[PDB]
Amino acid sequence: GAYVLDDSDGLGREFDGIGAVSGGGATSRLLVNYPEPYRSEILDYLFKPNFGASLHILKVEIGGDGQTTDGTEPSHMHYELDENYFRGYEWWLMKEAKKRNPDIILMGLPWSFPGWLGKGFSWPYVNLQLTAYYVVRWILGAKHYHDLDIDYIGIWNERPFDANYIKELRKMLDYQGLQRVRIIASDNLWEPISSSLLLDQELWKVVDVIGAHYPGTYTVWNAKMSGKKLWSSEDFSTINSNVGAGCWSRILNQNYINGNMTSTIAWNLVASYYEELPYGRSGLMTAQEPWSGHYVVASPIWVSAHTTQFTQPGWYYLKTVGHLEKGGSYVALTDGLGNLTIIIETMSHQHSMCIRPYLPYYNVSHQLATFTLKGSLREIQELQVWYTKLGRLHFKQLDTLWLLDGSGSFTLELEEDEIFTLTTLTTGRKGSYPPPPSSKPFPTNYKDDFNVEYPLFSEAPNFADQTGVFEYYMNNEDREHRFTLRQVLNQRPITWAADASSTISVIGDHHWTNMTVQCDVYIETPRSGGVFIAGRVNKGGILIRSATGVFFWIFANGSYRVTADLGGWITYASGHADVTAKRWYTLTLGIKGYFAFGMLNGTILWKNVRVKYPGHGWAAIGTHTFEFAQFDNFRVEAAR
Ligand SMILES: *[C@@H]1O[C@H](CO)[C@@H](O[C@@H]2O[C@H](CO)[C@@H](O)[C@H](O)[C@H]2NC(C)=O)[C@H](O)[C@H]1NC(C)=O
Ligand SMILES: *[C@@H]1O[C@H](CO)[C@@H](O[C@@H]2O[C@H](CO)[C@@H](O)[C@H](O)[C@H]2NC(C)=O)[C@H](O)[C@H]1NC(C)=O
Ligand SMILES: *[C@@H]1O[C@H](CO)[C@@H](O[C@@H]2O[C@H](CO)[C@@H](O)[C@H](O)[C@H]2NC(C)=O)[C@H](O)[C@H]1NC(C)=O
Ligand SMILES: *[C@@H]1O[C@H](CO)[C@@H](O)[C@H](O)[C@H]1NC(C)=O
Ligand SMILES: *[C@@H]1C[C@@H](O)[C@@H](O)[C@@H](CO)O1
Ligand SMILES: [Ca+2]
């Protein structure tokens, strides 16, 4: 009926901010080669204050060379004694975010680790100090090379923590002058981190935040008892239609109301990875076409604004938040300076399901809500009003509300699938840029000679690595192949996902069905070495081991194979070829209907080999194991 908002008996918890994740894995891959001005516009919609999503927090993967959901991300230490703080795109992204919002909060978290840290095992806790050394390197490099202060460091994404590791990490951070960096643990479930903190005083002192994933708006008693800040450090992960926007809206409010969580962080920041990779289009917005410039300011962007434009980390929740009589919820926050923000959500069940967890039915129906401002809020006479309706009307500023009759009270008619933000703040804005170009499929003729002497990013555009890591490579000692693309892992990472046994990078249009792929290849390992080119590759990311298609392999022992699968279990054709290590060969693979052919140096090696049809997927290149190999003069022409 009536809902009292009041600060006379004190405040609720401090609000820590809303954010999103770039990484786990390569979710920002296709954003880097957007042409201007579109790249900058996308970044504004994400990070520019009083504009779009206006995010408070950016969390990024600390790349570990392993597959981490939609690709691999490059590590700062591929090998022992290797350090490089200019690989990948997270450095660039953090700097772009910081340029727009100097007060943005930055977080790092590893999903995978380079294999050498395991000292013979696929386990990062074999040598605690070595693993902590590696992670602290990353934080120091952020500061020294990019002028970035990392605010929070995590442990091992959705994988076991080791209490001694966490203690060693704190000790090493302090030793390296990073006392200001805080620790969040364990980026998995509420247990066992929560009970561990109650039983171990030394662990309790070193953990600043309990970060739990997909908590379904609830926490657990042990986490409440800890007295630590509680964050949903990975949530959302739902297609960014109106359904996803509804999920985001509902959990933004109710994570605090139901679970005492004062930060929620969406996976992922922006969908800039091929949509047919796992969890396609599950970012706050969509930018999956750098070749066209087409992007989509999806509804979750405006859902974010309803909170982010009108709150900041350091504000406090009131004690007076809760559910509405007929469904939906309200939170309220102040800044201790006289401002007040009220965020109301009435998300229907059928239009707000997150993928994790699925909620049993709950009813939402038309209702009236009367709010009465008691305490210091009574004095307020005026409120700006922002309104969104999902299904569609986004972030529309309505007529100001006047509180004149001394009552300190007001009333609203609420329907379903609505958001209202009522705030004293006058700074709100629905940021706008002209529409970007229409969507267009990946170019049906595409080439890359990798001839770039000082590349802005460490890898050629559009190549999305799914196992292994591929990089621009310069070889001064060669003229024709001075600039190539090289696979650089020489051992399997400490994996997070189930990486393939062969390295692979995919590119192009998953819809492609008939296609001709060509590439110069160079095998660096004598006798045992092998490489391939491929087409119709149908799966990647967390499922890269499942990939089928047509794979044309050549080996340094003078053999070739054509397979139906990346794992090489199924043979379409096999035979001998004049192929050795350390020599450049040109491979061609043509696929049309039921039949494929392969060329070696422009000469037919096999033809009219029967393959599964229909079938469709990306073009790809790769190596037999985790081994050095180079590629040059890539080309594909295709039809869908
Ligand atoms: C966590 O939030 C819960 C609410 O979800 C708080 O628990 C109580 O909530 C009921 C209604 O659900 C209120 O009537 C009580 O006033 C709340 N208790 C107290 C002591 O305020 C709880 O406060 C929060 N836990 C904390 C802050 O540790
Ligand atoms: C609401 O919040 C705004 C934003 O901080 C407050 O305005 C600022 O007040 C500080 C002093 O506390 C000044 O140094 C800033 O220059 C002000 N900024 C702007 C944009 O005005 C404001 O005082 C708060 N209270 C009310 C009633 O608006
Ligand atoms: C890919 O190639 C196959 C084989 O050439 C095409 O399938 C043929 O299409 C023609 C004309 O549409 C038909 O007359 C044939 O009977 C089809 N053959 C088979 C085996 O189905 C297919 O249309 C091509 N697809 C694209 C997108 O180019
Ligand atoms: C939801 O609640 C309203 C009012 O109580 C009721 O009329 C309606 O039938 C309910 N819907 C369902 C599916 O129970
Ligand atoms: C959290 C980790 C991230 O990389 C994704 O795998 C996501 C999928 O829902 O879960
Ligand atoms: Ca070249």
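Counting convention: from 1, in listed order, for ligands and their atoms alike. Sequence positions, counted from 1, serve as the residue numbers for this chain.
Geometry at the Ca ion (ligand 6): O/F483 and OD1/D632 form an angle of 90°, nearest 10 degrees.
Of the listed residues (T423, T334, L337), the one carrying the non-hydrogen atom nearest atom 12 (O) of ligand 2 is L337.
By the 30° and 60° cut-offs, the orientation of the rings of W291 relative to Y274 is parallel.
Near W496, meaning under 4.0 Å from any of its heavy atoms, are these atoms of ligand 5: 6 (O).
Counting heavy atoms under 4.0 Å from ligand 5, residue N268 does not touch it at all. Contact annotation for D335 and ligand 2: only side-chain heavy atoms (C-beta onward) come within less than 4.0 Å of the ligand. With a 4.0 Å cut-off on non-hydrogen atoms, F236 does not touch ligand 5 at all.
Among all protein heavy atoms, the one lying closest to atom 9 (O) of ligand 5 is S237 OG, 2.6 Å. Closest to atom 4 (C) of ligand 2 among all protein heavy atoms lies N339 ND2, 4.7 Å.
The CZ atom of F15 sits 5.0 Å away from atom OH of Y317, with the distance rounded to the nearest 0.5 Å. Between the CG atom in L284 and the CG atom in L55 there is a gap of 6.0 Å [rounded to 0.5 Å].
The minimum heavy-atom distance linking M353 with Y358 is given by the pair CG-CE1, 3.8 Å.
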